[PDB]
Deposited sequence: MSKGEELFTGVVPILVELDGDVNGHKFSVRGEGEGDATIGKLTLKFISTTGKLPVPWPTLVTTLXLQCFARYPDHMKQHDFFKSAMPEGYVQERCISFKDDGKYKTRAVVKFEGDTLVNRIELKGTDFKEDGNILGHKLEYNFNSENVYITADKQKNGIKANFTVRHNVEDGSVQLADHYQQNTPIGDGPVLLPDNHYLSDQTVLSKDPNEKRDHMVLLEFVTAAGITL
């Protein structure tokens, strides 16, 4: 029945308030989600000017409820089962040989709009590292998000590592530890182990004067037969 909220195109609003090593920034995003084909289209604007961190490092933070779950694993879709009341999504993102992001997001409906409101705190970053030094290429390498149930705590956990291309040819690892917990009290679907296959593409809007990121995502659940 949370499923029923995603049978069509859903408008999306994203708000991120960030602080990395004391550098404050704000991001606003809007777009739409179409879970029938696992498709997300989003455009994000910096409302505080040039970001202190590379746009690619924020992609995972900025709506896995829009993943396409094949009919045969629809009883494993925690994200939609927590709707409309929503879920809290928390991560620690550990950048190898560098600092960490800690994020807490509330994802829930407000009327017909799905709203993702995020707080991000970054600490322990090197002033001349790949992140604060803006050494990461504007691109993305997609792979699988591995999901497991956390029954004790009535939610899920996810783990994955993002490989960020560095301008000098090296790779900057970002170790993601993720937890999701429902906001409502009613029962939710808790999954068997599976994964989300991601396809992520970053672009620019040639008509946009503000610092910004255009994001296109295709997400499909897999791994259960």
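Undergrad: Missing CA coverage against the deposited sequence, listed in sequence order.
TA: Missing from the model are residues 1-2, 65, 229.
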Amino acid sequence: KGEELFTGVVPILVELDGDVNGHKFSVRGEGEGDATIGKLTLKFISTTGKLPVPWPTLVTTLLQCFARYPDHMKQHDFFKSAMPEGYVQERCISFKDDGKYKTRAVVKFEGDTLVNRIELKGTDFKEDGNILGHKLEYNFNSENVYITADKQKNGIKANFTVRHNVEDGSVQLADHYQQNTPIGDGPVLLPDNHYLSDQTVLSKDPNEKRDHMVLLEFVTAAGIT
From here on, numbers count along this sequence of modelled residues.
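Undergrad: If you average the CA temperature factors over each stretch, which comes out higher, 88-96 or 69-77?
TA: Here the higher of the two C-alpha B-factor means belongs to 69-77.
Undergrad: Please compare 146-154 with 117-125 and say which has the higher mean C-alpha temperature factor in the record.
TA: Per the PDB record, 146-154.
Undergrad: Checking the record values for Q64, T181, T161, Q178, which has the greatest CA B factor?
TA: That would be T161.
Undergrad: Please place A35 in the lowest, middle or highest third of its chain by C-alpha B factor as given in the entry.
TA: CA B-factor rank for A35: lowest third.
Undergrad: Split the chain's modelled residues into thirds by Cα B-factor; is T48 in the lowest, middle or highest one?
TA: Tercile = highest for this residue's CA B-factor.
Undergrad: How does the C-alpha B factor of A82 compare with the rest of the chain: lowest, middle or highest third?
TA: For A82, the deposited C-alpha B-factor lands in the middle third.
Undergrad: Grab the CA temperature factor for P191 from the record and place it in the lowest, middle or highest third of its chain.
TA: Middle third of the chain for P191's C-alpha B-factor.
Undergrad: Lowest, middle or highest third: which one holds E217 when the chain's residues are ordered by CA B-factor from the entry?
TA: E217: CA B-factor falls in the middle third of its chain.
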